[PDB]
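No Cβ is skipped: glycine too gets one built from the backbone with ideal geometry, and neighbour counts run over all protein chains shown. Just so it is clear, none of the values below were taken in a lab; they were calculated from the coordinates.
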Amino acid sequence: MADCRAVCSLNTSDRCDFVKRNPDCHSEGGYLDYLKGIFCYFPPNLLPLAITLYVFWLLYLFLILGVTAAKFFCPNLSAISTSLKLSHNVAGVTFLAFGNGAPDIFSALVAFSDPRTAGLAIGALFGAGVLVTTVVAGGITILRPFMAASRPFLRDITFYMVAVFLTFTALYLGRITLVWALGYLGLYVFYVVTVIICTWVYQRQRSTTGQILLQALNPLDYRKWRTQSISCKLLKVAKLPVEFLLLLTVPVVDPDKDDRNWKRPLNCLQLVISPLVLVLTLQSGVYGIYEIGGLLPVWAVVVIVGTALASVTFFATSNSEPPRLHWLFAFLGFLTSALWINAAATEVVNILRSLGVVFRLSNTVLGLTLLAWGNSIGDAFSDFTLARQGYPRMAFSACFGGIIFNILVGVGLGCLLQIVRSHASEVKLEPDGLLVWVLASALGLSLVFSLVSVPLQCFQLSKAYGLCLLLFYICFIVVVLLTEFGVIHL
Amino acid sequence: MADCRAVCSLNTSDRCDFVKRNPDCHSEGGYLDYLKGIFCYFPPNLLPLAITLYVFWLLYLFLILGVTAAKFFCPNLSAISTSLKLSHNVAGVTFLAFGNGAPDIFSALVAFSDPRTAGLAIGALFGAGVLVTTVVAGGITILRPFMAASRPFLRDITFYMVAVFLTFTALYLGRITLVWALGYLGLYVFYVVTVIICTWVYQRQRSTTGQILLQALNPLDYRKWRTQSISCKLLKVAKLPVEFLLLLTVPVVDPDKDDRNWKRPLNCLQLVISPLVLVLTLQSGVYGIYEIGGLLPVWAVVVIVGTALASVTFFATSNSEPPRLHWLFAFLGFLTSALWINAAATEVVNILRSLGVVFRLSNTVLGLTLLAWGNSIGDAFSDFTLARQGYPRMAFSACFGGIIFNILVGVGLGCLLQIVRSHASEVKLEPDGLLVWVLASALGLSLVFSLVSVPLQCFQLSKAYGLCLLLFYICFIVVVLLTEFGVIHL
Amino acid sequence: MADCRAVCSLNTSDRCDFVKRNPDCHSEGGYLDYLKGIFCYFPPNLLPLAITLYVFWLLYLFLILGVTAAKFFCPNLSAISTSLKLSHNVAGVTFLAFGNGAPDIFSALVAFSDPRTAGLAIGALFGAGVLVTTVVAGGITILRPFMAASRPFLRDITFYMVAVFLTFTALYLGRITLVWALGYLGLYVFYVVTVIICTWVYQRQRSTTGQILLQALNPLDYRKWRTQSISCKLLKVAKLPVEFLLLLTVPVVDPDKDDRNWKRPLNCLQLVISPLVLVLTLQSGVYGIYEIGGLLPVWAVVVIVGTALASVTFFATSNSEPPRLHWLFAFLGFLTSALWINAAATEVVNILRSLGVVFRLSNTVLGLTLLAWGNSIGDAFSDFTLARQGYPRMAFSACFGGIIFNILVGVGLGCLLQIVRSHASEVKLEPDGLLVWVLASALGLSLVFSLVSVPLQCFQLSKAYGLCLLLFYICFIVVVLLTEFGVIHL
């Protein structure tokens, strides 16, 4: 079984056949085989043509994540937070945490499925934790200075430190048993229960149709369209199709407007469209193709129920006033929106992974540097967007809550599933070199620096904190890159 | 002669006898031993519980240093500074320097008594210097931004750099003679004389009884007691006994009040209590028990003289007006207060040292770290408290004056005493590894960074300076810890 | 051929003869042989007194660069910028860039003349780039906070990154051909053309005699002279001769005054003095003595033409009103002033080089530490002075424009001249150790940190950016020094 990279040294005539019968280059989770397109479709003598196009494609992806987070994800999450009268810390700890941590948990599971890649998975988790706790927090503090909550910050950082030290001990022992995974799950459940109980205790003390449908689906404001410059007009033309598709798919609820963005026919159609998208997209449509008893597919029952509910709500409410349950739509407008993030992020990885092969690079770098960046690009986008809109407290609290979520839930679930499926009494962790311990030391240093600096700063997070964190991360990345290339021997 | 740690692998029945028979399991400073209590006094099984108790004890110690510095040390020192019309720089250079540097000098002497531990002593001095010049200054600048005096800062940093480079040369030569120690003493005397002369030259240019006694000893304000929360009430109850004892022992003079905290009967009793405490505590009752000619003990003459003076001042002054020499009491209220710091700090070390055995570590690096932290914990407390109260200039100047004091006086006195006692022509310094030179390079880097940054900042010390110093110290500590564990081979 | 340093171990009687017949450790550029003066002139038994004198001399040099930049260079450059209505970015990109980069280009040429020193030359270029991009920018931001232009900053940093990566690739290949040098020259020409075109496009969118001569040459204001303190008076007395000489030599044009500093007789004499100085200075007289086919010397024609022009302008204008071409004088008042910088900087190097020969100074590294500092001392002085006067944008833009200038033009011209003179098809670059790659990684890290930080800061360059850069540079210098002395083995 020759390596996949050997297709580069193999004759151009047989490269496509080698790919068709070569494994170790068929990552999934995406939708398009990029290596296949490079090596079989586009003219063999235009290698670069596909390349530059892909680069452009990559840039287009960074536009999509720029829009979905700016217009639909953050406003829906803010409406959810306002409707339930939740504090910023609680919302950041639970909702943004789940939305930013689901892909990381899925990647951790798919990596823990193979005992060989357990070290790669734990290293990727540590790298993502380092990146989020340093660079995301730094940008959050720099973009919008603010004052953080003292008690929730101390509580969250203490819980995160406990979780990190438990993971450190588990890695040092080189093995994880059933008891460890059960303890991780119990610790996360206890953290959530403590959040809810403390928040509750603190809360007690203070005491025609068609034209409106076409207009709602029009993303172009002609009055605004007329006054833009040439570059702005071109950017708007580029953004138009994806914006129209997202408007068609993702509902939005904004409490800042008197009408609360109520578009009765559009919302009724979305009540059918969004669940269908969810079932047809989750797990790449495995549940969509699933048949209930071999007679009725899941998607058919889904569309039937959606159409029934849409007809009921169409005949139940009027155009003038939005129903009292309108905020529930925001929940849907959240969930689907989060999905529109995740898939996009996956595609970004499918870019970085592939082009990489063109220039064979070390996994001691591909799996630890680029994989964590691809996993946390959605978190970075969402946190920066929320910081710009005017909610720094929530994003800053999520910056630790989400990472606690990934570490605890991902490690525990992966270990439990590996134990149950393989019927093994333990899962063995193989430490691949000293780079894992370097990552661990960097994470510990970042956590200690934050815990020492923020209370000493009287909880007024200025820009110097973020700038110093940025310097630290850049220096750490440079040190790691120098170590991998053999310049520094440890 | 087996190592003391071997008591851990030895049978539980003979552990107490093993501790008793070996004098090396003994530490001089503490009023109370700890390893003996862990082994013999406690039930062998309840080993964790006792440990937790000690942890609690440690926390209680951090409370004591929190009170003595906040209520008695800093106000007395401020009254002393105001009475003599001294500038902030002068007071920080002399008085706070002596008060924060006496334990470091004592430790340096007790370490230089043994030629083997000379390298450990010089490394501890360098580590304490690094910690004070970086972390203490960083916290001082972060807690309260201010504008520092340019000329005294430049003078102090130049003198400190000269002293550090002289120590560097002495260490490189690997030997210290009588001439070197005499030069160190002469340099410190010249520094003090220059301070006095320059300060003098500048200003010339600019041109019933019982009820009051019981009330003075009551630390509880009932009106204030009623309005505190449950946690605050519990904290006050915990602080009450030590506060009462300190009020009984340490006089305080506050010029901010009209009466200047004049409690005539309490002060008269303190005039006898404080000297008795000084003689009975200094050198662990060493001078404490000595007898004058074998007939009259020192403490008896002390109490006789104190009672005579107390009777004289009782019959000499009235309750209405405080005597013109009242500020002299502040001097006493300073000295005893400083002692109340030092002993406490020692106890903290007796915690860190001990528990260490149970989970021993690398004394080579640890001696350098935990020992310096224990020595400088009092300096850190005093400087942070003074910065909070509103005197950043004085603490910032002390941050260099005190370290000049420790380096010069400790090294010179240790070398002189070792030469005189052992009748040797020189004292040999053995460089233990490259970690000493790493410490030296870190100290030099910190000094160069300060000397380049502060003048370039127009002497307006902001928070970024301290935050950057904190990052530097954390990174340096992480690098040292990684080097000691064999991850990085030099 | 024994090394020059061997003169130190050789007998004092033959040291001067050895120097007279010693070809190594020598260099030409200044107007003095410092080693000859140390080892032959001053009494052989007074090694130190003379050394101290040189130290004083060095300090005097730092005074000269302090005056010429403060009084004549920056005001003339500001007048040039104001007269042509140039933006700050354009002026910093072209004029200050040439003035600060001419000596670096000359040193790069004189180093590329020898194929052995190509690695030393490229390392010196990288070190100067690192120092300017970090420390100079840090001081510029700290001394005067400001808001930078976004688009020119992004453009300049992108061009600099492209140039640095091209140099990285050329060094990795270990060879430079004619095509590479021609591409470097074409890239610099394209950069200049893009600057001019973009700048042009933007603005289109917005749409008796004797007494006055003696008074002009008097640098002492008696009214101001009377009120200074003793130290200030001594400093003024020390500065008087060089100030008088510079007033005699360098014309100055200040648009802030109504008369625009018009001194008709002094300017007429300067019209002859300045060109004569230029011809009989640059190239240390190299073109200085060449003859016109023996028909006449160049200096004679120069003084004849200067006297003719001076007579014409003397008979052409009056004392009351300055001519419309007066701003052209500023151009001259710029160029000669820049020369008064360059020579001084060279002398500084002739200090550092020499005293160093006395010591066992290194070169592998030192040739890159002290040489870059000596080359960029003029740039640092000019940028700090311009930042103090109130033009931070121009100096900050020059901080990248000038370095682009040195890298591109110096490398291209050196390679082209070496190829043409030696008739070789390529120039071979020998990488001397890993320190060159360490320098490259440091430069890349600094550039990445700037490109990530400045846009994230909303282009409001505060003091924390500069302070963090200063910390980074100090740490990097300490790491390099530790690596060279064998403490850290790579």
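Would segment B:94-144 count as rounded, prolate or oblate if I go by the C-alpha gyration tensor, calling it rounded below 1.5 in a/c and otherwise prolate when a/b exceeds b/c, oblate otherwise?
oblate
Which pairs, out of B:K85/B:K263; C:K85/C:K263; C:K85/C:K257, put more than 21 Å between their alpha-carbon atoms?
B:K85/B:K263; C:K85/C:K263
Per-residue Cβ counts within 10 Å, from other chains only, averaged over C:130-140: what number is that?
Counting Cβ atoms of other protein chains within 10 Å of each residue's Cβ and averaging gives 1.
Between copies, how close do the C:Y31 label points come, placed 7 Å along Cα→Cβ, listed in nm from shortest?
For C:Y31, the other copies' label points sit at 7.7, 7.8 nm, shortest first.
Take the Cα radius of gyration of chain C and divide it by 2.2 N^0.38 Å, with N its residue count; two decimals is plenty.
Compactness ratio reported: 1.05.
Using only Cα atoms, what is the ratio of the radius of gyration of segment C:420-463 to 2.2 N^0.38 Å?
1.97
Using only the alpha-carbon atoms of segment B:186-266 as identical scatterers, what base-10 log of I(q)/I(0) does the Debye formula give at q = 0.12, 0.17, 0.24 Å⁻¹?
For segment B:186-266 at q = 0.12, 0.17, 0.24 Å⁻¹, log10 I(q)/I(0) is -0.64, -0.80, -1.21.
Once the Cα atoms of segment C:206-365 are picked out, what are the Rg and Dmax in Å?
20.3, 64
Once every DSSP H run of n ≥ 4 in chain B is given -39500 (n - 2.57) and the sum is divided by its residues, what mean residue ellipticity at 222 nm do you get, rounded to the nearest 500 deg cm²/dmol?
Taking each H run of at least 4 residues, the total per residue is -23500 deg cm²/dmol.
What are the equivalent ellipsoid semi-axes of segment A:368-442, built from the alpha-carbon gyration tensor (square roots of five times its eigenvalues), in whole angstrom, biggest first?
Computed over segment A:368-442, the values are 31, 17, 11 Å.
Using only alpha carbon pairs under 8 Å that are at least six residues apart, calculate the relative contact order of segment A:258-381 and give it in whole percent.
Relative CO of segment A:258-381 lands at 23 percent.
Look at the axis of the rotation that sends chain A onto chain C, then give the chain A residue with the nearest Cβ and the distance in whole Å.
Residue and rounded Å distance to the axis: A:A464, 2.
Put a point 7 Å out from Cα along the line to Cβ at A:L276; what are the distances to that point in the other copies, in nm, shortest first?
9.5, 9.5
What distance in nm separates the simple spin-label points at C:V201 and A:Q460, each placed 7 Å from Cα in the Cβ direction?
It is 4.5 nm.
State to the nearest 20 debye the size of the charge dipole of the protein assembly as shown about its Cα centre, where the only charges are +1 on K and R beta carbons and -1 on D and E beta carbons.
Taking the Cα centre of the protein assembly as shown as origin, the dipole is about 3420 debye.
Partner chain Cβ atoms within 10 Å, averaged over the residues of A:18-27 - can you pull that number for me?
0
Label-to-label distances across copies for A:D17, with labels 7 Å out along Cα→Cβ, in nm, shortest first?
8.6, 8.6
How far is the Cα center of segment A:360-375 from the Cα center of segment C:358-426, in Å?
37
Shape of segment C:424-490 from its Cα gyration tensor (a ≥ b ≥ c, root eigenvalues): rounded if a/c is under 1.5, otherwise prolate when a/b > b/c, or oblate?
oblate
What order do you get for C:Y287, A:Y54 when you list them from fewest to most C-beta neighbours inside 10 Å?
C:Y287, A:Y54
Obtain the radius of gyration and the Kirkwood radius of segment C:24-158 from its C-alpha atoms and give Rg over Rh.
Using only Cα positions, Rg/Rh for segment C:24-158 is 1.06.
Kindly give Rg over Rh for segment B:216-255, based on alpha-carbon atoms, with the Kirkwood expression for the hydrodynamic radius.
1.03
What distance in nm lies between label points placed 7 Å from Cα along the C-beta direction at C:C8 and A:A6?
It works out to 6.0 nm between the two label points.
What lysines sit close enough to B:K463 to cross-link, taking a C-alpha to C-alpha distance under 22 Å and skipping anything fewer than 8 places away on the same chain?
Candidates past the 8-residue exclusion: A:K463, C:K463.
Any chance you could check the Cα centroid distance between segment A:264-303 and segment C:461-490 for me, in angstrom?
59
What is the Cα centroid distance between segment A:170-221 and segment C:144-215, reported in whole angstrom?
A separation of 51 Å, based on Cα centres.
Out of C:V479, A:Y465, B:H88, whose Cα points farthest toward the positive end of the dipole of the protein assembly as shown (charges: +1 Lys, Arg; -1 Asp, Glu; placed on Cβ)?
B:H88
So if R0 is 41 Å, what FRET efficiency would B:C232 and B:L335 give, r being the distance between their Cβ atoms, rounded to the nearest 0.05?
E between B:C232 and B:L335, to the nearest 0.05, is 0.80.
Over segment A:71-207, calculate the relative contact order: mean separation of alpha carbon pairs under 8 Å at least 6 apart, over the residue count, as a percent.
17
May I ask for the percentage of alpha-carbon pairs in the protein assembly as shown that lie more than 65 Å from each other?
25
Once all Cα-Cα distances of segment A:1-97 are split into 5 Å bins that start at 0, what whole-number percent is in each one?
2, 10, 15, 13, 12, 9, 8, 7, 8, 7, 5, 3, 1
Would segment A:110-182 count as rounded, prolate or oblate if I go by the C-alpha gyration tensor, calling it rounded below 1.5 in a/c and otherwise prolate when a/b exceeds b/c, oblate otherwise?
oblate
List the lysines whose Cα sits under 20 Å from the Cα of C:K36, skipping any in the same chain fewer than 8 residues away.
Of all the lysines, those that pass the test against C:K36 - Cα under 20 Å, at least 8 places apart if same chain - are C:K20.
Can you list the residues of segment C:156-182 with backbone N under 17 Å from a point 7 Å past the Cα of A:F359, pointing along Cα to Cβ?
Within reach of a label on A:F359: C:161-174.
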